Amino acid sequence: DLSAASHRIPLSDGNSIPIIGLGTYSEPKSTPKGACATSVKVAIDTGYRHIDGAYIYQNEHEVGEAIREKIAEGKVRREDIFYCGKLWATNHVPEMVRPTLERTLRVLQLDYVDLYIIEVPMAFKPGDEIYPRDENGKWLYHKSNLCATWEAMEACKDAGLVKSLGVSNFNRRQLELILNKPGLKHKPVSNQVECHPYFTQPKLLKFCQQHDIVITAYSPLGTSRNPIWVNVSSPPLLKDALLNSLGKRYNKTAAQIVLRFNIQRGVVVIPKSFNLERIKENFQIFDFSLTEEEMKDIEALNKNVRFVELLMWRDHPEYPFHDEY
């Protein structure tokens, strides 16, 4: 079935997506310049054909540098690489969608992106700051209009600037808003949300499957555990007893077990690593498989507790995690 050489799964719009990709979020403060570029190149050399990034990660130019270098040397052709970009909360105004995508295309120095998604369903005040706030720290929220923003996204696909359209951090309600939109042209093909053994997303996954929407698991390894977005009080995913015991069984690390778990269930995983050894380690998940019993025991680790709660925005009209799923 899935192999290092061939592991692309179908998207509802006729395109396909590599089941594993390299995540590229890294704290700008503690990340050396060029680390992303080096990592993307190593990832491609290793076998990765999917790179997940975002303009707001401040390293999209490094992602493009790496992809273009690998294409220039003949390591891969543009069609062999799948890049996902994202539209941040401060660029949801309809008239801003295309210009925002065009910026990313210029930053990457590519003609199109394979997948472009609404980064979060919440809309923030447009400007030169991703986190709009006043002297009181009070978050400057903007009226969201998902359907209108989606229509703008649709025009980008119509123009050929992006192959597939998707969303991120969208709950059932929000997905239905688009799925039931009058005159819907392009249905979302992917929903990128936190997903791993401690938060298996059973209900959202089933809902998405009913609409041929593929889930992409962000923070598939349980996050970098940065106190800014994660509670360091929670037990680390990679230290889980079962995950480590199963690792011993297959002589694989807990990270490899968790990644195999999700891809075996049809969930795309985009683990991030800027470390040579770990980039390679995370890709070695096609030489073994988990038994039905092991898959069930791993899914049973689900705590229905997420690592990324985005609690600072729980007051936004579009908060995604207030509802069950």
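The first residue of the shown sequence is 1; numbering continues from there. So that the term is clear: the rigid core is the largest set of C-alpha atoms that superpose within 1.5 Å between two forms.
Here 233-241 and 250-258 are scored by the root mean square distance of their C-alpha atoms in 5 other deposited structures of this protein, with each structure fitted by the rigid core; the higher score goes to 233-241. Relative to the shown model and aligned on the rigid core, the C-alphas in 5 other deposited structures of this protein deviate most, among 89-97 and 130-138, for 130-138.
Of the two segments, 297-305 and 15-23, the one listed with the higher mean B-factor is 297-305 (C-alpha atoms only). Once the C-alpha B-factors are averaged per stretch, 35-43 and 284-292 rank with 284-292 first.
Comparing the listed residues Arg78, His196, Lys181, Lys248, the entry records the largest Cα B-factor for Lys181. Ranking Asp212, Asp240, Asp111, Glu119 by Cα temperature factor from the entry places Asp212 first.
In the deposited entry, the Cα temperature factor of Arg98 places it in the lowest third of its chain's modelled residues. Ranked against the other modelled residues of its chain, the C-alpha B-factor of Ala217 as given in the entry falls in the lowest third. Split the chain's modelled residues into thirds by C-alpha temperature factor. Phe170 is in the middle one.
Sorting the modelled residues of the chain by their CA temperature factor places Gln58 in the middle third. In the deposited entry, the Cα temperature factor of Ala152 sits in the middle third of values across the chain's modelled residues.
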